[PDB]
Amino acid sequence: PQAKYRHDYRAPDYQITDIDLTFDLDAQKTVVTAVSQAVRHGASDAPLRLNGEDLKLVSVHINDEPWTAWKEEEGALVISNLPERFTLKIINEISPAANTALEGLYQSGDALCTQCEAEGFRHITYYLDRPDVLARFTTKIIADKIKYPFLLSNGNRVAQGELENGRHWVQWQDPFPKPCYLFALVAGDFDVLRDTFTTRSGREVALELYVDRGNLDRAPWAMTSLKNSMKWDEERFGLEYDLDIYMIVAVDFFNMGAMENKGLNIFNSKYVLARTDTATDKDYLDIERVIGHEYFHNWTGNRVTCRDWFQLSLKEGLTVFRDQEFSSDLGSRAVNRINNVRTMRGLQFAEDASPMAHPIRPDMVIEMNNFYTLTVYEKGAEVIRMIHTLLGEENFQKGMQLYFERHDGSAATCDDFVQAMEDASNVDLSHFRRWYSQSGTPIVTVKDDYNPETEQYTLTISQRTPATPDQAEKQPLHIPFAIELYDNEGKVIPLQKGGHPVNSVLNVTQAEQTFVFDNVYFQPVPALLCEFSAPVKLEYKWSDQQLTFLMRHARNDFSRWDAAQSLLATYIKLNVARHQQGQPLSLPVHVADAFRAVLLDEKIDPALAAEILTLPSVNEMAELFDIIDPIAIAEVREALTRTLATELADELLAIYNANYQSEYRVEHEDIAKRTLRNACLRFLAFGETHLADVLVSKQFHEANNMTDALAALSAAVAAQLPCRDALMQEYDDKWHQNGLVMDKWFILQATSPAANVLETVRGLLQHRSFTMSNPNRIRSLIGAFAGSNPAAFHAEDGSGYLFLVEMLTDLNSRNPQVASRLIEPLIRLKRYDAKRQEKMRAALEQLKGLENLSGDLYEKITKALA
């Protein structure tokens, strides 16, 4: 498979302006007729090169003339000797039922549906399958009326008809030019939730959510979130929906999360379907996020699209930033920022240290589906948020307005967006652009000095980014570095120098620099990198008392949580070293007292308390170490939980009881109290056994919602409580017919600390609720084992690696995108000890030798083995 490079971008030799599609739909054999109006922009002797994959070509006409000047090559139809303007007609066949990869036109249960991003439209017809080619689409769909009573494509219905032999047809027209990755088609039988939204300016939009028959009871929250998203985009960004109808289709078979096809979003059902007995608080908030996300793409992705796929973060970074701002505005900003920071430090930093490291705008891609990454999305959003930090809200919105004014109706680049922000705000972002082209996490080192004679506080800040596998050369970045200084009473000391205020966002642009502040009337406790103001590792020599002081006094709730994380990091590192020596947990009394104080603080927001009382995950803990010892980390996390459970037992029980709620509400105050109560339950589960067992069993049985039932079930599994097997069997007996609910249970099985977890996981491949045909099931069992049970995945006998090899040998052929998600834990081998590295390397070498190795796996395996 061949790598493509960003620097090789060239404008296309041909454009297509209009395409008229006809689908004669059938699961075994679909006939596609595509009539394209094309224009040659290049040299009269340049051929038209159409992308196409697994298509059976029936005919090629140019202006109704059967065409003889063409050839098929690997992945292409190359058409020669064309006039400057012409009509291209292609007829071809495809086979939706054979499409197990779920890219192009495929089958999801009884439905037919599409996934075209990034390069799936070439699996439907021969096309200029590249996002700088925008065209106006019409789509005629002909199908069996009984099997496919709903026939949907982008835009508005403009025609419809009945045919003989029980067939019917519908034709759709979308007035906005689009790249073909935004094309969608859906055919099937559905329940439809219908509602309306009236925009600020008075446009009435029909909202339609299509769900499998029988699921209308699980649709209203997604509909509510859609209306919430539309309203928010109006209030916050001044953006209105631009069509007459908004369709969402929930499908059970879907590779990723959801897809922003214009006017016809297609969603993994996990991000649509929710009822209080099936879905947790986190499911409701994820539905809200993803619904908003795809909606936000209407402007940031659709009205302005991507010139080429190396510009992916132009839409994904910006849209993730928007979904975070949406969630943060509607809910707890602090909890959102905290959770997004966990994801950055715990998952994205790991990617930026891995063989798959890339800048947010990549330079080299073999398989573009490999670049839908934590980096492109989450780090891309941190880069957008840094622009917001540098510019302020008002200048940021002016930049947004200039971006749309310049680029509406076109395909743009990351550079175009930065340029708009810079021009609108008059903030110079020339140095800042390096964030787009440089991979790896910067390390920011801070030294400080207080001078009592001059009342001056001096910060010496240095930065470096270590070399990554993809880039030998690194340079200093423009790092917005937000600080606060606290006096002995917990009050903020005004920042100033030479009689003038100083902005609290420091511009750290050099390898090393010194910031001096005057009138610093007391030796400060600093809050550094406030609200995680740049996506960097902070090296500062904190004392425990500085951190507990910030926990108590810091102005922003995020800083209080972050201080608790820095406090814990020291002791996680200590205790992992001790575990390796065979020693038990050591924890100063004053550290345990810090957490007791949070439990007993009556003024603290319970949402904040809950996060401080949620220990860093084994993934967040892993990024504290150069060499990861996954067994030590898992055992230390447990022991730290047991120690705090013992030390805080009475307080934990009191707070658990105090936060009891009889009514279930998906409302932020209620969610916060419930999150705190279940955080207390998790510690209690690891306390005295009989009490743990009674508490956990009682909560499982008395829960009037899935959040509380699952929190109890999960604690029963984590703490290996007596009641575990019973509750697990009850849940299976109740829920086996519901795949999305069973995904929770498969995750609990996959992440079990039990000695025999791999044996149980292998057996579950035969479970009534599991199937290798379904990406959600695969990810919930196998993915959760490899990715979220690193202790068992990295069992010293190499059994975890061998299991994953077996699964990937199947999935390489069945669904390479899902296989490529699942290989990720194996490509981290250089983070592990030599003995584990040699086994993981052997596993990778075995996969490399697969007959018909997918480009998806090839790209990752070769980087990992280099």
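One-based numbering along the sequence shown.
Mean CA temperature factor from the deposited coordinates, higher in 76-84 or in 258-266? Comparing averages over the C-alpha atoms only gives 76-84.
Which of 587-595 and 494-502 has higher mean CA B factor, as the PDB entry lists it: Going by the record's values, the stretch with the higher mean is 494-502.
Have a look at 671, 318, 387, 554 and flag the one whose Cα has the highest B-factor in the entry. Reading the PDB entry, the winner on C-alpha B-factor is 554.
I'd like to know which of 44, 36, 33, 820 has the highest C-alpha temperature factor in the PDB entry. It is 44.
Quick check for you: using the entry's CA B-factors within this chain, is residue 852 in the lowest, middle or highest third? Tercile = highest for this residue's CA B-factor.
Third of the chain's Cα B-factor distribution that residue 17 belongs to, per the entry: For residue 17, the deposited C-alpha B-factor lands in the middle third.
Which third, lowest, middle or highest, does the C-alpha temperature factor of residue 452 belong to within its own chain? Residue 452: CA B-factor falls in the highest third of its chain.
Tell me, lowest, middle or highest third: where does the Cα B factor of residue 464 rank within its chain? Within its chain, residue 464 is a middle-third residue by C-alpha B-factor, going by the deposited values.
Quick check for you: using the entry's CA B-factors within this chain, is residue 440 in the lowest, middle or highest third? Lowest third of the chain for residue 440's C-alpha B-factor.
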